Amino acid sequence: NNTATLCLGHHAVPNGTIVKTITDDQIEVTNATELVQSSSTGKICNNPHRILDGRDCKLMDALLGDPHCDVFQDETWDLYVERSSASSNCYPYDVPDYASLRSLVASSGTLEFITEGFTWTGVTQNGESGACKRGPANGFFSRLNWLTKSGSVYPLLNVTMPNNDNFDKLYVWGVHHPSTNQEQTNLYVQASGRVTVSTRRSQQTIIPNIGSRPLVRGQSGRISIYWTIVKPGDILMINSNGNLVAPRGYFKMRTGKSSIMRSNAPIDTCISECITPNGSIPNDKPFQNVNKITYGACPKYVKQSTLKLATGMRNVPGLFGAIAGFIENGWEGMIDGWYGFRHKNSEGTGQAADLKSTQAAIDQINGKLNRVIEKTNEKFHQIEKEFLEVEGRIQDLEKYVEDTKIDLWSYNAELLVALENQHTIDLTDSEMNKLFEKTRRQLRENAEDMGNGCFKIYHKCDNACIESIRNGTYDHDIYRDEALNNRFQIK
Amino acid sequence: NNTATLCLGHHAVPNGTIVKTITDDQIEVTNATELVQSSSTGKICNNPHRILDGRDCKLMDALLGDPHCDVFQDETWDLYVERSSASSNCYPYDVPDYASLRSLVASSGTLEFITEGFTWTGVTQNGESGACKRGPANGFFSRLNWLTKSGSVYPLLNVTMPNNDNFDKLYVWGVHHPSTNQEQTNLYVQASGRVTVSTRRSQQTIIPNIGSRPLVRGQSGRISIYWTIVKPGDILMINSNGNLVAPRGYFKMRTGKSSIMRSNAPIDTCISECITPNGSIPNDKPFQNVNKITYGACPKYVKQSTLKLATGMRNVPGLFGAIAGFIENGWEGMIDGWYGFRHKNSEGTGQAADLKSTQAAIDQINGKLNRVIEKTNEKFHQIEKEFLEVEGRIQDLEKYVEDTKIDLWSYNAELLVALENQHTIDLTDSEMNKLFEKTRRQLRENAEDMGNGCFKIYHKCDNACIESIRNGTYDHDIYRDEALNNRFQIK
Amino acid sequence: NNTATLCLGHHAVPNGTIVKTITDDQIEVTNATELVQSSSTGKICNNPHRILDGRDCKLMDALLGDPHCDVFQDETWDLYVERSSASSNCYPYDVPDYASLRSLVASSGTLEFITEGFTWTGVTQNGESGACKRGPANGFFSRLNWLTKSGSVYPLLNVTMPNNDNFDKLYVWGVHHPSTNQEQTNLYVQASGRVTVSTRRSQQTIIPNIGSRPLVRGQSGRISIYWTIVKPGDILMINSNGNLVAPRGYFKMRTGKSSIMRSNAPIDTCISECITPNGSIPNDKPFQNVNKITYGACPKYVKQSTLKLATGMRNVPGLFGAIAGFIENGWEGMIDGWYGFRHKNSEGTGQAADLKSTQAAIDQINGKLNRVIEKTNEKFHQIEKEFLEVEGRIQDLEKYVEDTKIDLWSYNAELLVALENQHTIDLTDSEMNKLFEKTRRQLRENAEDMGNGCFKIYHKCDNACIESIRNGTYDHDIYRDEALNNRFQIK
Ligand SMILES: *[C@@H]1O[C@H](CO)[C@@H](O[C@@H]2O[C@H](CO)[C@@H](O[C@@H]3O[C@H](CO)[C@@H](O)[C@H](O)[C@@H]3O)[C@H](O)[C@H]2NC(C)=O)[C@H](O)[C@H]1NC(C)=O
Ligand SMILES: *[C@@H]1O[C@H](CO)[C@@H](O[C@@H]2O[C@H](CO)[C@@H](O)[C@H](O)[C@H]2NC(C)=O)[C@H](O)[C@H]1NC(C)=O
Ligand SMILES: *[C@@H]1O[C@H](CO)[C@@H](O[C@@H]2O[C@H](CO)[C@@H](O)[C@H](O)[C@H]2NC(C)=O)[C@H](O)[C@H]1NC(C)=O
Ligand SMILES: *[C@@H]1O[C@H](CO)[C@@H](O[C@@H]2O[C@H](CO)[C@@H](O)[C@H](O)[C@H]2NC(C)=O)[C@H](O)[C@H]1NC(C)=O
Ligand SMILES: *[C@@H]1O[C@H](CO)[C@@H](O[C@@H]2O[C@H](CO)[C@@H](O)[C@H](O)[C@H]2NC(C)=O)[C@H](O)[C@H]1NC(C)=O
Ligand SMILES: *[C@@H]1O[C@H](CO)[C@@H](O)[C@H](O)[C@H]1NC(C)=O
Ligand SMILES: *[C@@H]1O[C@H](CO)[C@@H](O)[C@H](O)[C@H]1NC(C)=O
Ligand SMILES: *[C@@H]1O[C@H](CO)[C@@H](O)[C@H](O)[C@H]1NC(C)=O
Ligand SMILES: *[C@@H]1O[C@H](CO)[C@@H](O)[C@H](O)[C@H]1NC(C)=O
């Protein structure tokens, strides 16, 4: 009963987590959290974004009005989902700069179509084809009007349609490419047709292409599709002496967050802000390894499959040399704090957590967690990142831009976790050392550092005395004479 | 009079500045500096870059030689400033790949035009139009030569111009699309014209299409503009049976720092390396939030409106636990240093700054300031970043490249400031602790740490004695007997 | 002989290395390593990548089968090396979108050519030209078939070639533009020809343009080159009434790591994963300043010519204030450790390295080295980064993408080295301090800190005694009474 021992320590856990730091690729901490989202349910949630399942309809075919796509008339979407099983079943066509028209319509997010009163004098309208059947009957794109000769004449068509509204109009039209010179003359009379579609400030002027091509649904001819945007106060003009596949009206254009995605994932009734072709994913983590293609408020795509952020101190079953240093060992029985005191005196032994030092470490770790885990990434219509055809220069560049981006963000994520982990380990070591130093300072000349995180207190120090040290009210003067006598033999 | 007190401390100010760190979203430091430039004067400075105000002339119209644009003949610029009020007033035209021609001329930075001795046998030159008046007279683009029939014949033109120089020549030429067959035959005799412009390494052939486009300044036809660059030792060949709008010569091409910007900001007499469409901005800060479009030595565009870099210690009106730790409190009355000493002795009280510790903290902070705010970003001709029309694929990519860039730099700036501030707080805490420890070591057995940054010195220690401690010359041996006697009663 | 001195210290070297940190642009460390590769041997190593030296053949000429390029028939490569001296020696031609065809063939990595059963009824095959000699005899591109009239007739050609395989076929074909009407008629009978090449999903119709171009190898006519990819289950059709330069079969298409590089560096026998136009470079460093154009597992291109990473402590011939702090001075005579002890006792003087602290510092530094210099960057076919012609919009974007990437990586590299160096200086300072503190703790009341990294041990401490302190088994209880006496005169 003439001396007491007061030992400082920190908690420990039976199963820790291995994390990476600046100096160690593998080091065990008490707790960590995963920063990379690597799983999806495999389904696209239908809220909060308006999802339109294209089913067997490509957006381009829903736009032109392929007969199997009539149910998509006037549809809207935040995200149009294009299925790989979708196919075209109308007159065979191509779209110079297909990707751009698909993109601009996808971004517009509506197929709202307004029929206009184009006057086509002196021609036969509403041409139909065995390539574009409605049941057994010949048919054609709903939004296009295939004009041919009337009697022995195809006149010079010259028509206008002013835009007197306050929104932009999108016109989609085509040019028919016959298989032979004979077909050219049979349909259009003139041996060389031409289609010129213009506004006051722009024009597209096209000549038909003649030649036999592989039969598609019985047809060797083809249509090429073009588009024209007409702004308020501007006007559409169409001038043709043959081969014109006319528009029936315009699509309203909108701006907003709409886009299109290629996916075969089923749609489900649930809520998720982030969508990938693999399905919706949670956005609670800052990074994800599910797909570079995303839509909505999403974690950033990185190459890593896991990045673990330490959320507790080193686990011992640092710059300051306290944790895993002069303190040999963590305490598994300390579950109400991160740091604390054990003591041994006349009245027995005991353990108490230190609230203030525990809270300081927790507050600092929560601070970095809040910084890191803060959702900051919301992107909608972007660039394409997977490609079905070889194209060369433009595709090389699109791929390189995305690859460059991913490599830079993977770098940021890797560094972030290594630096943060090194600092977490160092600040928790720091808090342990600061509590030790504060205790040392309280004790003045009445105790000695045993070298293992323990003080030998050279006087009788009962439970209330120990509590005075723990709560920062120890009065060293009260015990000094006793202590100096015991330490040094002074009186 | 037999003991003294020596206290260590650091300065503080009544009102500090809130900054962000890795672990704290809000923490008060003594001083900080702003890293984001958020303001402009609203004017473009006319030095040091050569600014050319386009006024009511688009670069394309100054190039072709629209009659309202004669003052721009042979102009040069580092930055051509294009105003939104600019309009065209000549024959209605379009430029396939308009953006590319505008870009390459802008980047070249000169409209220096060299008239060449082209021979046009058998045609009428200098065609003119009511759409392009010069005063009361019909006129045409100054740099183009509208060729028409002579008598009842328009011959096959076949002309050459070798490049015997050692620089590239830019030729700008056009093809006329008449409104009607009557106009075509009246001008060119041939029912269908053709233009082929070739060199040894390239060829461009355009077959115009006849048809009405909207009436513009009385004209329903259009001219389409094309260009050809002829390398040293190569040869221009022009071949046409009608519809050629011929060049009169070539434009000189240069490489350098020239570009073009769309802005409605007025030009002013002043100096500024950095120009934005909003006006010039200072470049003393590393980041800016004014505009992603810039020219010259500019701060990097980021999303943040403010980023405060700590340039002083924590303000108390750290890893080491001195500042805001065992030192309870900063000293507002300490104004000639950052760290220092106060004492109470036989002669009274006093205060003195510690120069070495003050200077060490200041040098380290100036070090990071020099590193951070060092101007290292100078960009001239870049890509466009705002767009007046919907285009689809290439524009999607241009937008994505820029958004990607901005998000990465915004990340770098945010991390930089958080890391630097955390480190600044820690290094200033460190310097305080090191000064305390140095003082403790000098005192040996002659003093005890009171636990609050103060030492009780256990001997008579007058002003000279205190100064010996402050200046690092204290001789502990001189006072050891006296001190040990007071502490322990040894005598 | 009643006391001993034990001094702690660290090594130093006479000439250290100057590095940069967060706080100092220049600070000397004992050792550093260069992170930027700035040199090449100037030769391209022929392993492990399959390098194909194009010699005087551009890939495009090797593809078409220019007579000087016959040795490249059916070649394959990982990297095609294109020389600046390469020239074309066949009929003059141009390739609309040349860069894309060059890119896609380069990326495919093979010229494997399969002859197919095209039947050309009623025409003369194997046309040849004096512009395209094989020795003294006229010749033509080996992979193309120049068809001309047979007798007095050139009939409408109409042929098909199904893709019944499970791979993609690349067809390369051409259209002849005669110089004169006389030539057109002599070769093809029809006054105006036409070439239509199609599949089920695509079509191209090219109309030849008759007219003079500048003479190249005796020819004022030109051939234009086009290509068509035919997927499994699709069908190629070719339909023409003149001017067709027919394919003889297809090139097999592959995907993989192949690319093309412009370089004049010789190829030699050696091994190198990374190739630049300057020659191969080692990939042991994470960064390089040799060339932005690279192929293989390469360091990342940065703007800096040098970046030195500290791999040793501060050199003295920190946050903790030990190194270049209370320890005045490093020890050059310490060659078997980074930290250690010198002593002075009755038996003389001595020195010993401390293994554990030395190893702790080394292990931490090796940890960051392994992290930093870990080869993680491997790129194959990318985008072009140097250009011979002005092009405008697409080239502006390619350049901007590459410049953006480089500035971001240069930033990352600069920050990495500054941060790592600051931390290395601090952790080595920490390790010195930790050793000092551990020693202090062992000695208890038996020694005093002299303030300069040395302990005065206040008792007889022979060689065995010193060694017990160095190996951590010192028993302070044995000497405590003797020590307190010398210290205060208490025993
Ligand atoms: C100065 O610092 C450099 C960089 O750390 C030291 O060079 C490094 O030395 C180590 C040990 O010799 C090398 O590690 C070894 O690498 C080989 C692979 O070749 C491996 O088989 C060994 O088991 C060991 O891992 C390391 O490669 C080498 N690095 C470089 C860039 O040379 C150098 O030793 C230091 N000098 C002094 C005097 O401390
Ligand atoms: C281990 O670390 C995780 C990460 O912080 C802790 O989980 C957090 O707990 C707090 C408090 O309940 C919640 O507010 C957060 O939402 C949780 N975050 C996550 C990502 O789940 C967890 O509590 C820690 N475990 C222990 C035993 O401390
Ligand atoms: C040009 O060649 C094609 C291919 O041989 C011919 O098209 C075939 O015609 C038959 C009946 O007319 C169809 O059953 C085949 O399916 C067609 N094949 C393809 C690939 O389309 C075409 O008739 C020929 N044209 C001329 C004018 O002879
Ligand atoms: C083709 O149609 C356009 C549009 O109706 C005609 O252009 C109009 O012509 C009248 C008479 O000159 C003008 O008053 C209008 O301003 C014109 N409108 C536009 C939009 O240009 C054009 O004349 C017709 N062309 C032919 C050959 O009949
Ligand atoms: C068009 O003009 C060019 C230039 O004079 C002619 O090409 C030259 O023809 C002569 C002999 O006919 C050659 O010796 C020259 O080398 C050619 N020059 C070039 C640059 O090719 C061309 O023949 C003319 N074409 C017509 C149809 O008259
Ligand atoms: C997502 O789909 C892609 C292919 O579309 C696949 O490579 C990837 O492994 C998938 N990820 C998950 C988590 O299923
Ligand atoms: C605050 O920091 C800035 C940046 O170094 C400096 O210019 C200014 O003088 C500082 N103010 C004080 C009072 O130190
Ligand atoms: C600069 O101009 C843009 C308009 O493009 C505007 O959005 C921004 O608020 C302006 N900033 C300042 C500081 O004037
Ligand atoms: C590599 O080549 C480039 C381009 O030719 C040149 O600018 C650079 O100086 C070269 N570098 C070395 C190290 O040879």
# chains A, B, ... in the order shown; residues from 1 in each chain; ligands from 1

call {"tool": "residues_near_ligand", "arguments": {"ligand": "ligand 6", "cutoff": "10 Å", "atoms": "only C-alpha atoms and all ligand atoms", "output": "PyMOL selection string"}}
result
chain A and resi 37-42+262-265+276-279+281+288-293+305+386

call {"tool": "interface_residues", "arguments": {"of": "chain B", "to": "chain C", "cutoff": "7 Å", "atoms": "only C-alpha atoms", "output": "PyMOL selection string"}}
result
chain B and resi 99-101+103-104+198-200+202+237+239+364-365+367-368+382-383+401+405+427+430+434+441-442

call {"tool": "residues_near_ligand", "arguments": {"ligand": "ligand 7", "cutoff": "9 Å", "atoms": "only C-alpha atoms and all ligand atoms", "output": "JSON, numbers by chain"}}
result
{"B": [30, 31, 32, 33, 34, 309, 310, 311, 312, 362, 365, 366, 369]}

call {"tool": "residues_near_ligand", "arguments": {"ligand": "ligand 3", "cutoff": "12 Å", "atoms": "only C-alpha atoms and all ligand atoms", "output": "MDAnalysis selection string"}}
result
(chainID A and resid 178:183 210:221) or (chainID C and resid 118:119 121 155:163 196:200 233:241)

call {"tool": "write_last_selection", "arguments": {"atoms": "N, CA and C atoms", "output": "CSV table (one decimal), in the first residue's frame"}}
result
chain,number,residue,atom,x,y,z
A,178,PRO,N,-32.1,4.0,-105.7
A,178,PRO,CA,-32.6,2.9,-106.5
A,178,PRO,C,-31.5,1.9,-106.9
A,179,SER,N,-31.9,0.7,-107.3
A,179,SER,CA,-31.0,-0.3,-107.7
A,179,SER,C,-30.5,-0.1,-109.2
A,180,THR,N,-31.3,0.4,-110.0
A,180,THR,CA,-30.9,0.5,-111.4
A,180,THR,C,-31.3,1.9,-112.0
A,181,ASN,N,-30.7,2.2,-113.2
A,181,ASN,CA,-31.2,3.4,-113.9
A,181,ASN,C,-32.6,3.3,-114.3
A,182,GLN,N,-33.1,2.1,-114.7
A,182,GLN,CA,-34.4,1.9,-115.0
A,182,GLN,C,-35.4,2.2,-113.9
A,183,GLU,N,-35.1,1.8,-112.7
A,183,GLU,CA,-35.9,2.0,-111.5
A,183,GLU,C,-35.9,3.5,-111.2
A,210,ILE,N,-27.0,4.9,-107.4
A,210,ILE,CA,-27.6,3.8,-108.2
A,210,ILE,C,-26.7,2.5,-108.1
A,211,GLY,N,-27.4,1.4,-108.0
A,211,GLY,CA,-26.6,0.1,-108.0
A,211,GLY,C,-27.3,-1.0,-107.3
A,212,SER,N,-27.1,-2.3,-107.7
A,212,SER,CA,-27.7,-3.4,-107.1
A,212,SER,C,-26.9,-3.7,-105.8
A,213,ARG,N,-27.7,-3.9,-104.7
A,213,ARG,CA,-27.2,-4.2,-103.4
A,213,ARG,C,-27.8,-5.5,-102.9
A,214,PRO,N,-27.2,-6.1,-101.8
A,214,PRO,CA,-27.8,-7.4,-101.3
A,214,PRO,C,-29.3,-7.1,-100.9
A,215,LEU,N,-30.1,-8.1,-101.2
A,215,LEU,CA,-31.5,-8.1,-100.9
A,215,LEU,C,-31.7,-8.0,-99.4
A,216,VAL,N,-32.5,-7.1,-98.9
A,216,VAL,CA,-32.9,-7.1,-97.5
A,216,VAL,C,-34.4,-7.0,-97.5
A,217,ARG,N,-35.0,-8.0,-96.9
A,217,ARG,CA,-36.5,-8.1,-97.0
A,217,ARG,C,-37.0,-7.9,-98.4
A,218,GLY,N,-36.3,-8.5,-99.4
A,218,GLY,CA,-36.7,-8.4,-100.8
A,218,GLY,C,-36.3,-7.2,-101.6
A,219,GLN,N,-35.6,-6.3,-100.9
A,219,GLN,CA,-35.2,-5.0,-101.6
A,219,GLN,C,-33.7,-4.7,-101.7
A,220,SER,N,-33.3,-4.3,-102.9
A,220,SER,CA,-31.9,-4.0,-103.2
A,220,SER,C,-31.7,-2.5,-103.1
A,221,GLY,N,-32.8,-1.8,-103.1
A,221,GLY,CA,-32.7,-0.3,-102.9
A,221,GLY,C,-32.4,0.0,-101.5
C,118,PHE,N,-13.7,-14.1,-107.0
C,118,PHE,CA,-14.4,-13.1,-107.8
C,118,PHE,C,-14.4,-13.5,-109.3
C,119,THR,N,-15.5,-13.4,-110.0
C,119,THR,CA,-15.6,-13.7,-111.4
C,119,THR,C,-16.0,-12.4,-112.1
C,121,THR,N,-17.0,-11.1,-115.4
C,121,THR,CA,-17.4,-11.5,-116.7
C,121,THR,C,-17.4,-10.4,-117.7
C,155,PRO,N,-19.2,-4.5,-119.7
C,155,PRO,CA,-20.5,-4.8,-119.3
C,155,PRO,C,-20.8,-4.3,-117.9
C,156,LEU,N,-22.0,-4.3,-117.4
C,156,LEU,CA,-22.3,-4.0,-116.0
C,156,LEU,C,-21.8,-5.1,-115.2
C,157,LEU,N,-20.8,-4.9,-114.4
C,157,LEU,CA,-20.3,-5.9,-113.5
C,157,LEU,C,-21.2,-6.0,-112.2
C,158,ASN,N,-21.6,-7.2,-111.8
C,158,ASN,CA,-22.5,-7.4,-110.7
C,158,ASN,C,-22.1,-8.7,-110.0
C,159,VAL,N,-21.3,-8.6,-108.9
C,159,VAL,CA,-20.8,-9.8,-108.3
C,159,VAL,C,-21.0,-9.8,-106.8
C,160,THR,N,-21.0,-11.0,-106.2
C,160,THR,CA,-21.2,-11.1,-104.7
C,160,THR,C,-20.2,-12.0,-104.1
C,161,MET,N,-19.9,-11.8,-102.8
C,161,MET,CA,-19.0,-12.6,-102.1
C,161,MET,C,-19.5,-12.7,-100.6
C,162,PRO,N,-20.1,-13.8,-100.3
C,162,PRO,CA,-20.7,-14.0,-98.9
C,162,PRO,C,-19.6,-14.2,-97.9
C,163,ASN,N,-19.9,-13.7,-96.7
C,163,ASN,CA,-19.0,-14.1,-95.5
C,163,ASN,C,-19.6,-15.3,-94.8
C,196,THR,N,-20.3,0.9,-107.0
C,196,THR,CA,-21.2,0.7,-105.9
C,196,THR,C,-20.8,-0.5,-105.1
C,197,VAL,N,-20.3,-0.4,-103.9
C,197,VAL,CA,-19.9,-1.5,-103.0
C,197,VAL,C,-20.8,-1.5,-101.8
C,198,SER,N,-21.4,-2.6,-101.5
C,198,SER,CA,-22.4,-2.6,-100.5
C,198,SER,C,-22.4,-3.9,-99.7
C,199,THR,N,-23.1,-3.9,-98.5
C,199,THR,CA,-23.4,-5.1,-97.7
C,199,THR,C,-24.9,-4.9,-97.4
C,200,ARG,N,-25.4,-5.7,-96.5
C,200,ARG,CA,-26.8,-5.5,-96.0
C,200,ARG,C,-26.9,-4.2,-95.2
C,233,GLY,N,-22.0,-13.8,-91.9
C,233,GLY,CA,-23.4,-13.8,-92.3
C,233,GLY,C,-23.8,-12.7,-93.2
C,234,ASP,N,-22.9,-11.7,-93.4
C,234,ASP,CA,-23.2,-10.6,-94.3
C,234,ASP,C,-22.6,-10.9,-95.7
C,235,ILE,N,-22.9,-10.1,-96.6
C,235,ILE,CA,-22.5,-10.4,-98.0
C,235,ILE,C,-21.9,-9.1,-98.6
C,236,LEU,N,-20.8,-9.3,-99.4
C,236,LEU,CA,-20.3,-8.1,-100.1
C,236,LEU,C,-20.9,-8.2,-101.5
C,237,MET,N,-21.3,-7.0,-102.0
C,237,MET,CA,-21.7,-6.9,-103.4
C,237,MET,C,-20.9,-5.7,-104.1
C,238,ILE,N,-20.5,-6.0,-105.3
C,238,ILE,CA,-19.8,-5.0,-106.1
C,238,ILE,C,-20.5,-4.8,-107.4
C,239,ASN,N,-20.9,-3.6,-107.8
C,239,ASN,CA,-21.7,-3.3,-109.0
C,239,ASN,C,-21.1,-2.1,-109.6
C,240,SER,N,-20.7,-2.2,-110.9
C,240,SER,CA,-20.0,-1.2,-111.6
C,240,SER,C,-20.1,-1.3,-113.1
C,241,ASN,N,-20.3,-0.1,-113.8
C,241,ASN,CA,-20.2,-0.1,-115.2
C,241,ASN,C,-19.0,0.6,-115.7

call {"tool": "atom_distance", "arguments": {"atom1": "CA of residue 275 (chain B)", "atom2": "CA of residue 44 (chain B)"}}
result
6.4 Å

call {"tool": "select_by_dssp", "arguments": {"residues": "region 10-242 of chain C", "states": "strand (DSSP E)", "output": "ChimeraX atom specification"}}
result
/C:10,17-19,27-29,32-34,36-37,44-47,51-53,79-82,93-94,113-115,123-124,129-134,137-139,144-146,148-149,157-162,169-177,194-198,203-206,222-230,235-242

call {"tool": "write_last_selection", "arguments": {"atoms": "C-alpha atoms", "output": "short mmCIF file (atom, residue, chain, number, x, y, z; two decimals), in the first residue's frame"}}
result
data_model
loop_
_atom_site.label_atom_id
_atom_site.label_comp_id
_atom_site.auth_asym_id
_atom_site.auth_seq_id
_atom_site.Cartn_x
_atom_site.Cartn_y
_atom_site.Cartn_z
CA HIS C 10 22.70 8.91 -37.23
CA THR C 17 21.67 14.69 -52.94
CA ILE C 18 19.51 17.80 -53.20
CA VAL C 19 15.77 17.08 -53.30
CA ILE C 27 17.19 20.18 -49.10
CA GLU C 28 20.04 17.67 -48.86
CA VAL C 29 19.43 13.98 -48.16
CA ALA C 32 17.88 9.69 -53.61
CA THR C 33 16.74 8.01 -56.81
CA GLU C 34 15.60 9.47 -60.15
CA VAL C 36 12.10 10.34 -64.64
CA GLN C 37 13.66 8.37 -67.48
CA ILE C 44 14.46 0.01 -80.85
CA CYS C 45 14.88 -3.38 -79.22
CA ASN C 46 13.52 -6.26 -81.30
CA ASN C 47 12.21 -8.14 -78.26
CA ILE C 51 8.83 -5.23 -84.58
CA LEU C 52 8.35 -4.92 -88.32
CA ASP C 53 10.65 -2.43 -90.03
CA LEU C 79 4.62 -2.66 -83.91
CA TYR C 80 4.94 -1.44 -87.49
CA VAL C 81 7.78 1.06 -87.68
CA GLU C 82 7.20 3.64 -90.43
CA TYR C 93 -3.69 7.53 -105.25
CA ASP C 94 -5.48 9.13 -102.33
CA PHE C 113 -4.65 -11.65 -97.42
CA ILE C 114 -7.05 -14.31 -98.70
CA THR C 115 -7.75 -14.47 -102.47
CA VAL C 123 -13.69 -7.58 -118.81
CA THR C 124 -9.90 -7.63 -119.07
CA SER C 129 0.75 1.05 -115.57
CA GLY C 130 4.08 2.64 -116.48
CA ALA C 131 3.74 4.56 -113.21
CA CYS C 132 3.98 1.28 -111.32
CA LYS C 133 6.92 -0.74 -112.60
CA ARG C 134 8.10 -4.18 -111.55
CA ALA C 137 7.78 -4.20 -116.98
CA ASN C 138 4.61 -2.28 -116.18
CA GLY C 139 2.77 -3.45 -113.07
CA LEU C 144 -5.99 -4.75 -106.50
CA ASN C 145 -7.31 -5.77 -109.89
CA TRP C 146 -7.56 -3.07 -112.53
CA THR C 148 -10.74 -2.62 -118.34
CA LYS C 149 -12.84 -3.29 -121.44
CA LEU C 157 -20.33 -5.94 -113.46
CA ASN C 158 -22.50 -7.37 -110.68
CA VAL C 159 -20.81 -9.80 -108.26
CA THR C 160 -21.19 -11.10 -104.71
CA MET C 161 -18.97 -12.63 -102.06
CA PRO C 162 -20.68 -14.02 -98.92
CA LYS C 169 -13.22 -9.49 -93.55
CA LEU C 170 -11.63 -6.22 -94.65
CA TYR C 171 -12.05 -5.34 -98.33
CA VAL C 172 -9.90 -2.61 -99.84
CA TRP C 173 -10.85 -1.35 -103.28
CA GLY C 174 -10.51 1.66 -105.54
CA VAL C 175 -11.99 3.92 -108.18
CA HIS C 176 -10.03 5.22 -111.18
CA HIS C 177 -10.33 8.90 -112.07
CA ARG C 194 -19.75 4.27 -111.27
CA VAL C 195 -18.67 1.95 -108.47
CA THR C 196 -21.16 0.73 -105.86
CA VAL C 197 -19.90 -1.49 -103.04
CA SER C 198 -22.41 -2.64 -100.47
CA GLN C 203 -23.34 1.17 -99.14
CA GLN C 204 -20.87 3.36 -100.91
CA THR C 205 -21.26 4.71 -104.42
CA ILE C 206 -18.37 6.57 -105.95
CA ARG C 222 -5.75 9.30 -109.76
CA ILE C 223 -7.11 6.29 -107.93
CA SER C 224 -9.24 6.79 -104.82
CA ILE C 225 -9.03 4.06 -102.16
CA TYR C 226 -12.00 2.88 -100.07
CA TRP C 227 -12.67 0.00 -97.69
CA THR C 228 -15.59 -2.14 -96.50
CA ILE C 229 -15.82 -4.53 -93.55
CA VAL C 230 -18.03 -7.59 -93.96
CA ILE C 235 -22.52 -10.37 -98.03
CA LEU C 236 -20.25 -8.15 -100.14
CA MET C 237 -21.68 -6.86 -103.43
CA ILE C 238 -19.78 -4.95 -106.10
CA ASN C 239 -21.69 -3.33 -108.97
CA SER C 240 -20.01 -1.15 -111.60
CA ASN C 241 -20.20 -0.10 -115.24
CA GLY C 242 -16.67 1.30 -115.24
#

call {"tool": "residues_around", "arguments": {"residues": "residue 355 (chain A)", "least_positions_apart": "4", "cutoff": "12 Å", "atoms": "only C-alpha atoms", "output": "number ranges by chain"}}
result
A: 10, 335-341, 359-363, 431, 435, 470-471

call {"tool": "write_last_selection", "arguments": {"atoms": "C-alpha atoms", "output": "JSON list (two decimals), in the first residue's frame"}}
result
[["chain", "number", "residue", "atom", "x", "y", "z"],
["A", 10, "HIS", "CA", -5.58, 1.58, -26.24],
["A", 335, "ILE", "CA", -14.92, -1.85, -25.24],
["A", 336, "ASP", "CA", -16.26, 1.52, -24.03],
["A", 337, "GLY", "CA", -13.35, 3.58, -25.35],
["A", 338, "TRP", "CA", -10.33, 3.68, -27.66],
["A", 339, "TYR", "CA", -7.87, 4.82, -25.01],
["A", 340, "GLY", "CA", -7.88, 4.44, -21.27],
["A", 341, "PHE", "CA", -6.29, 3.62, -17.94],
["A", 359, "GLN", "CA", -13.59, 11.42, -28.98],
["A", 360, "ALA", "CA", -10.69, 13.39, -30.47],
["A", 361, "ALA", "CA", -9.60, 10.41, -32.57],
["A", 362, "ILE", "CA", -13.16, 9.57, -33.62],
["A", 363, "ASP", "CA", -13.94, 13.17, -34.60],
["A", 431, "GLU", "CA", -3.64, 10.70, -29.43],
["A", 435, "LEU", "CA", -2.76, 11.21, -23.24],
["A", 470, "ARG", "CA", -8.02, 10.31, -14.75],
["A", 471, "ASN", "CA", -10.20, 13.44, -14.48]]
